[PDB]
Amino acid sequence: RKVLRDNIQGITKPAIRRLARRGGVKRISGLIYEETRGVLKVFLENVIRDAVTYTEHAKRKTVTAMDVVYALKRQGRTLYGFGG
Amino acid sequence: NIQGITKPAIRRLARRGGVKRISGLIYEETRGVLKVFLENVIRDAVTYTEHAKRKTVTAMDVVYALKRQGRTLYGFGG
Amino acid sequence: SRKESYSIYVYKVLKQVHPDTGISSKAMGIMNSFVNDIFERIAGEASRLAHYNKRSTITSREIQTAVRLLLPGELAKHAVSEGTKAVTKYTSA
Amino acid sequence: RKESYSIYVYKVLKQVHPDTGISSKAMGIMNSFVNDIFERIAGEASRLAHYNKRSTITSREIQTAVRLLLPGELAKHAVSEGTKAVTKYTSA
Amino acid sequence: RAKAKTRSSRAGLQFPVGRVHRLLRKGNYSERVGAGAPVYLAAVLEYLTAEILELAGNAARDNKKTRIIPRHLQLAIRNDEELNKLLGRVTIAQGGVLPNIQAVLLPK
Amino acid sequence: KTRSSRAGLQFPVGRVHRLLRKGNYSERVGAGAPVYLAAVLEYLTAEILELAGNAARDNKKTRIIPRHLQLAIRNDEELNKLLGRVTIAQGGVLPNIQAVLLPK
Amino acid sequence: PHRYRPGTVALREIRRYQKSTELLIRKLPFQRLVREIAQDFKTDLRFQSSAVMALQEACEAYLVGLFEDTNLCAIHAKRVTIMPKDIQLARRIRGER
Amino acid sequence: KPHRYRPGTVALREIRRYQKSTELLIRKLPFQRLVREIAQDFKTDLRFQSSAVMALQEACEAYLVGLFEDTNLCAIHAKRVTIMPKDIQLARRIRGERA
DNA sequence: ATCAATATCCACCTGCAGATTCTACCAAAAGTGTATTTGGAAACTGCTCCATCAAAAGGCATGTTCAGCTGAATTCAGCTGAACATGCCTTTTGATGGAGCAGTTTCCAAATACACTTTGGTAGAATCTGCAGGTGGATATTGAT
DNA sequence: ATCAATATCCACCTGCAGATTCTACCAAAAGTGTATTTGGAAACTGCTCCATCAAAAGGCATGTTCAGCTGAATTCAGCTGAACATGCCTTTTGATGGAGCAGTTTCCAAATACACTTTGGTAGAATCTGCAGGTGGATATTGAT
């Protein structure tokens, strides 16, 4: 494949301010887009960590949606709408 | 009885929290939070007594109700 | 394959409360997870109760205490009522 | 007739700190710790068993539970001790 | 040989009582399961399903639509006090948020 | 002779194995599971006990009280993480005054 | 006569009560409050002495942790005094409200 | 003339707009590759059910929106209208994300 | 920053009481040994479903300019909550005794668990049909004179 | 208080992606007939738990004095919002290769199930660490040249 590199910058600044609108935010400081990216990565890390850990214990090589859900449950962010 | 929790007792609790001074409106708000907490925990604990067909709330019941609410407590059995 | 869900029974209850209203597939998924989430919270809480009280069997009594513990206020008593109702209706005949 | 872990906490205490004792309140803090962890590890393993439609909990289930439950270096260090204890047990 | 009655009918239930019974045994919640537990449970779940469904199909009609989409579900659970409380640590896929602008943020 | 000795552990492998069968966790319990698990609890006990003893002698005391355990868990980063939603009875808090709150 | 400048004894009290682990609420006014709340839920009850101890332990550990988070909100608003505005922001973030 | 909107008017519009919808605000390709990197640089050579990346993005945006809400409440608490990093670390500190 | 005058810690001992530790026996488990079941690991393998690609479009990201006001910095005063001596009362504690009550056996009737012998449920076609997405006038809403 | 600019709300359409319904198979309840528990139902202890009762001791309530914190008011540099041009790269769609999930058998390795033949709990003796004071010397704090 192609080398995967610096893809947290794919989380654009307009995409972040959109997420900020829907959260009820009117004025966004200039430093927010970096902090946002930092926190989202720590988040995604921790979930994909556990999701994959379920993939590994299953001896599976594809990460199933159920793996994501069991992961989100563990962290506490129980999700409705995928694989029951 | 809620006033039995004296203002200086509340004041010390804030002190251990690292609080320097206390607005006079706090002590009422503190007693309201204190009560809702005791309310939610004692209800869940009492429910655990009633399910056991008992009339004495054991320390365990409280431990279970604390865990119940995600305030797990070490030191009182289980 | 053979993957069972509650889509049959959610849809029955949907036609009951809203006889003219349909439901999308995504929304049915949200429901099937909801039935499953509650089912686990209650059963787990009763599993814990029976274990706390040194009893190897889960009666409908344990489930009721679980329902009181998990469900908030009026949702609890409205539920407990509906349950007890279906139990007495069952045992009677 | 109530059993506890206080016998084994004391053996492990005298092991690491032969010079040090422990108070009774602190001994209950420890038992409760043991019990809490025990539930976390076992439940997470039980849920692993069910998610994958297996009916037996092996040491493997307990390991994945530890990686999910124990943060960072506690994980690797704890995974080691079990694999150590399983290996030493199985040998003879 | 007598005719078979579904347990869900006998309790006057839409939800599957026989299935809830199996899922209590094969779920390892206790070694043995009482016969009133699957009934009592299937009733409670059916009740809560009915509650959520009524408030959603209401909000579906409020938005002038006859088919419940997850947006309506999120509107229903979040606008009701106890439902939101029961589903606090819970996110609905494609759910959105309740419109809520702060007072301070509004124009002069 | 004991299963715990075969594993070379201080924690009861036999008792843990019964606790897994009586615990309603799985239909059957493997033979390697309770060994593995008992070793993990033994270790985690040791690591808390060591840090508690250090906190105990750092306070001139030879008997570990709960305060030494709270200091041991809250000053350790990864134990504080594992036991975040946990209250140590009679534990107190670590001394910490905010900078802004300090005298001139 | 001699007096300590205001706020001095406050930091002194902070450094003492953070140093100790004693229970800070008087035992009986608490226990009286506990049984009162239990009465409102069930009548003629009885508590193990260790059960009122548990509730008092859990309860001061809750409040002290809240005051920690409350103080941080007071600091976040360029203030030094904790107000009911701070306790409400603290609990509305935690999810208790 | 030409017309201009008083700064602050478009955001109130934008808040009302995205609070009324349920679409996913992050573009899907950059989020997908971001997930594959975080996963690749965790366990090499993996695959992903499309619905698994969906579920990730759903839970992610849901998380961040709820973080902004809690953040904005801290900004309002500081008599500001602009959300700053200072607010987010506070919100996550109280949340227990990292106290 | 020093020179003093309180009030505060903090070091160093010390004898004792309340717990801690070590001791003596006792059922309740735990470990063996033997004999069955049985769960899931290995070995194909059919086949969803994932990874990759190309090609065109048009949605949207990016970067730049401009400036309205928002955050921050400053000043000050009123007034709130800290400090403090003080005067009394509610808590502490230390049994002491009385009994309601959690805890233990010993039956057993009733409720469950198994172990095999008729649909409800699900996976697909085969029909239906909300509403997504595109337009345009009605209606606000906003901001400049 | 007007009057364009511009955005929003909302009714109308209509083919279509997606729901709803129809239909054959089949996994899983249901129904019966025994084989086990199991948790009450009484019958009785020993705990613990409530209840006064009665001193004293801090501990709390209180009122006065004012130090300095908060909140309001003002000012302004400059940040971040609003618009617009620009062109990239996401999106959309449709097709394939084949990996690796997942449905089936087959069959040992391993877990289970009784049957019999030490450890851990528990309630006493024999220590024993910390408590809780008590001077006594820097320490930190605050008032005044």
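Use the structure listed above.
The rules we used
- Residues numbered from 1 in each chain as written, not as in the entry; some residues may be left out.
- Chains lettered and ligands numbered in written order.
- Heavy atoms only, no water.
- Helix = DSSP H or I, 4+ residues; strand = E, 2+ residues; numbered from the N terminus.
- Buried < 20%, exposed > 50% of the residue type's maximum accessible area, 1.4 Å probe, protein only.
- Contact = heavy atoms within 4.5 Å.
- Areas by Shrake-Rupley, 256 points an atom, 1.4 Å probe, with all protein chains shown as cover.
- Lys, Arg positive; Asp, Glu negative; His and termini not counted.
- Charge placed at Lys NZ, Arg CZ, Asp CG, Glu CD.
- Rg over C-alpha atoms; globule rule 2.2 N^0.38 Å.
- Near = heavy atom within 4 Å.
- Polar contact = N/O pair within 3.5 Å; in protein donor to acceptor, adjacent residues only side chain to side chain.
- Nonpolar A, V, L, I, M, F, W, Y, C, P; charged D, E, K, R; others polar.
- Expected span 1.5 Å × (residues − 1).
- Axes fitted to C-alpha atoms, helices over the stretch in contact; angles between N-to-C directions.
- Parallel < 35°, antiparallel > 145°, perpendicular 65-115°, else oblique.
- Left-handed = near helix turned anticlockwise from the far one by under 90°.
- Core = buried A, V, L, I, M, F, W, Y, C linked by side-chain atoms within 4.5 Å.
- Buried area = accessible area lost by both parts, 1.4 Å probe.
- Salt bridge = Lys/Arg side-chain N within 4 Å of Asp/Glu carboxyl O.
- Pairing = 2+ DSSP bridges.
- Arc of directions from axis to C-beta.
- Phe/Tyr/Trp six-rings, centres within 6.5 Å; stacked < 30°, edge-to-face > 60°.
- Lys NZ or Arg CZ within 6 Å of the ring centre and 35° of its normal.

Peer 1: Account for the overall build of chain G, with residues named and values stated.
Peer 2: Counting its secondary structure elements, chain G contains four helices and two strands. Within chain G, the proportion of its 97 residues that are buried is 56%. In chain G, once contacts between residues fewer than 6 apart in sequence are set aside, the share between residues at least 24 apart is 42%. Accessible area for chain G stands at about 4900 Å²; split by element, carbon and sulfur atoms hold 49% of it. In chain G, the 19 positive side-chain charges and the 11 negative ones have mean positions that sit 7 Å from each other.

Peer 1: Could you give an account of the overall build of chain D, with specific residues and numbers?
Peer 2: When you go through chain D residue by residue, the secondary structure sums to four helices and two strands. Walking chain D from its N terminus toward its C terminus, one meets helices and strands in the order α-β-α-β-α-α. The C-alpha radius of gyration computed for chain D amounts to 16 Å, which surpasses the reference 12 Å derived for 92 residues by more than 25%, pointing to a less compact arrangement than a globule. Across its three principal directions, the C-alpha atoms of chain D cover 45 × 30 × 30 Å.

Peer 1: Would you mind going over the protein's contact with DNA strand J in detail, with residue names and values included?
Peer 2: Residues in contact with DNA strand J amount to 80 residues; listed here are only the nearest, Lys61 and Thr62 of chain A, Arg22 of chain E, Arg63 of chain F together with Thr8 of chain G. For DNA strand J, the fraction of atoms within 4 Å of the protein that belong to sugar or phosphate moieties is 99%. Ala2 of chain E places a main-chain nitrogen or oxygen 3.1 Å from a phosphate oxygen of DNA strand J. Note that a phosphate oxygen of DNA strand J is positioned 2.9 Å from one of the side-chain N or O atoms of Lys64 of chain E. In the surface near DNA strand J, the residues fall into 20 nonpolar, 23 polar and 37 charged.

Peer 1: Describe helix α2 (residues 27-39) of chain G, listing the residues and the values that go with them.
Peer 2: Here α2 of chain G contains 13 residues, and its C-alpha end-to-end distance of 18 Å stays within 8% of the 18 Å for a straight helix at 1.5 Å per residue. Considered for burial, the residues of α2 of chain G that qualify are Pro29, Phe30, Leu33, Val34, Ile37 and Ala38 of chain G. Tucked inside the fold, the buried residues of α2 of chain G contact α2 (26-51) of chain B together with β1 (46-47) and α3 (49-76) of chain G.

Peer 1: Tell me about the packing of helix α2 (residues 32-57) of chain A against helix α3 (residues 50-77) of chain H, residues and numbers included.
Peer 2: Packing of α2 of chain A against α3 of chain H brings their axes to within 11 Å, and their N-to-C directions diverge by 135°. Relative to α3 of chain H, the element α2 of chain A is oriented oblique. Remark: the crossing between α2 of chain A and α3 of chain H carries right-handed chirality. Along the contact surface, α2 of chain A presents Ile32, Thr36, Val39, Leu40, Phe43, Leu44, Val47 and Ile48 of chain A, while α3 of chain H presents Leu56, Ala59, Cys60, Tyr63, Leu64, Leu67 and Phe68 of chain H. Its residues assigned to classes, the contact of α2 of chain A with α3 of chain H comprises 14 nonpolar, one polar and no charged.

Peer 1: Give me the nonpolar core: which residues, what numbers.
Peer 2: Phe33 of chain D together with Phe31 of chain H are the most contacted members of the largest nonpolar core, which has 242 residues in total. Apart from the residues lying within four places of it in its own chain, the contact partners of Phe31 of chain H are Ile11 and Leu44 of chain A together with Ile26, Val53, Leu56, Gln57 and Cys60 of chain H. Core analysis: the second largest hydrophobic core is formed by five residues, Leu101 of chain F together with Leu11, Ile14 and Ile75 of chain G among them.

Peer 1: Describe the protein's contact with DNA strand I, and please don't skip the residues or the numbers.
Peer 2: Surrounding DNA strand I, one finds 80 residues, the nearest of these being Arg11 of chain B, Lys1 and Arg6 of chain F, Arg46 of chain G together with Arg6 of chain H. Restricting attention to atoms of DNA strand I within 4 Å of the protein, one finds that 98% of them are sugar or phosphate atoms. The contact in question runs from a sugar or linking oxygen of DNA strand I to an N or O atom on the side chain of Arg27 of chain A, over 3.3 Å. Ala35 of chain E places a main-chain nitrogen or oxygen 3.1 Å from a phosphate oxygen of DNA strand I.

Peer 1: Mind laying out the interface of chain C and chain E, listing which residues take part and the relevant values?
Peer 2: With 56 residues of chain C in contact, the opposing surface of chain E contributes 56 residues. Around 5100 Å² of area is buried between chain C and chain E when both sides are counted, 70% of it from carbon and sulfur atoms. Considering only the surface of chain C that becomes buried against chain E, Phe39, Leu75 and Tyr90 of chain C emerge as the three largest contributors, covering 14% of it. The tally of links between chain C and chain E comes to three salt bridges. In this structure, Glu4 of chain C and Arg22 of chain E form a salt bridge, with 2.7 Å as the shortest nitrogen-oxygen distance. In this structure, the connection of chain C to chain E is made through 21 residue pairs in polar contact. Listing elements by their share of the side of chain C that touches chain E, those giving two or more residues are α1 (7-17), β1 (22-23), α2 (25-52), β2 (57-58), α3 (60-70) and α4 (73-92) of chain C. The greatest single-element share of the side of chain C that touches chain E, amounting to 15 residues, is contributed by α2 of chain C. Residues that form the side of chain C that touches chain E fall into these classes: 29 nonpolar, 17 polar and ten charged. In the sheet, β2 of chain C pairs with strand β1 (residues 32-33) of chain E via two bridges, with the strands oriented parallel.

Peer 1: Go over the pattern of salt bridges with me, naming the residues and quoting the values.
Peer 2: Proximity of charged atoms lets side chains of opposite charge pair with each other. Considering all chains together, one arrives at 35 salt bridges over all chains under this definition. Residue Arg95 of chain H pairs with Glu97 of chain H through a salt bridge whose shortest N-O separation is 2.9 Å. One connected set of salt bridges, linked through shared partners, spans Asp50 and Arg74 of chain A together with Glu44 and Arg47 of chain D.

Peer 1: Can you lay out helix α1 (residues 8-17) of chain G for me, pointing to particular residues and giving the numbers?
Peer 2: For α1 of chain G, the complete set of buried residues consists of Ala10, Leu11, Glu13, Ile14 and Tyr17 of chain G. Projected down its long axis, α1 of chain G shows its buried positions confined to an angular sector of 155°, all on one face. Those residues of α1 of chain G hidden inside the fold are in contact with α1 (7-16) of chain B.

Peer 1: An account of the side chain of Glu42 of chain F is requested, with residue identities and associated values reported.
Peer 2: Along the chain, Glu42 of chain F falls in helix α3 (residues 33-57). Buried and without a salt bridge, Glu42 of chain F has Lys88 of chain D as its closest oppositely charged side chain, separated by 9.1 Å. A polar contact of 3.0 Å, which involves the side chain of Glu42 of chain F, links it to the backbone nitrogen of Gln10 of chain F. Contact partners of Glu42 of chain F, with chain neighbours within four places excluded, come to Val12 and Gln15 of chain D together with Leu9, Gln10 and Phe11 of chain F.

Peer 1: How would you summarise the packing of aromatic side chains if you had to cite specific residues and measurements?
Peer 2: A full pass over the atoms with the stated rule returns 16 aromatic pairs over all chains. Consider the rings of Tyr64 of chain B and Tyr52 of chain C, whose centres lie 4.0 Å apart with planes at 55°: the pair is tilted. Taken together, the positions of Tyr64 of chain B in helix α3 (residues 59-68) and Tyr52 of chain C in helix α2 put the pair across two chains. Judged by its relative accessible area of 26%, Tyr52 of chain C is partly exposed. Pairwise contacts between aromatic rings join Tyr54 and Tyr70 of chain A together with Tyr51 of chain D into one cluster. Of note, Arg12 of chain G hangs over the ring of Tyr4 of chain G, and the distance from its end group to the ring centre comes to 4.4 Å. Over the ring of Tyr17 of chain G we find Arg16 of chain G, and its NZ or CZ is 5.5 Å from the ring centre.

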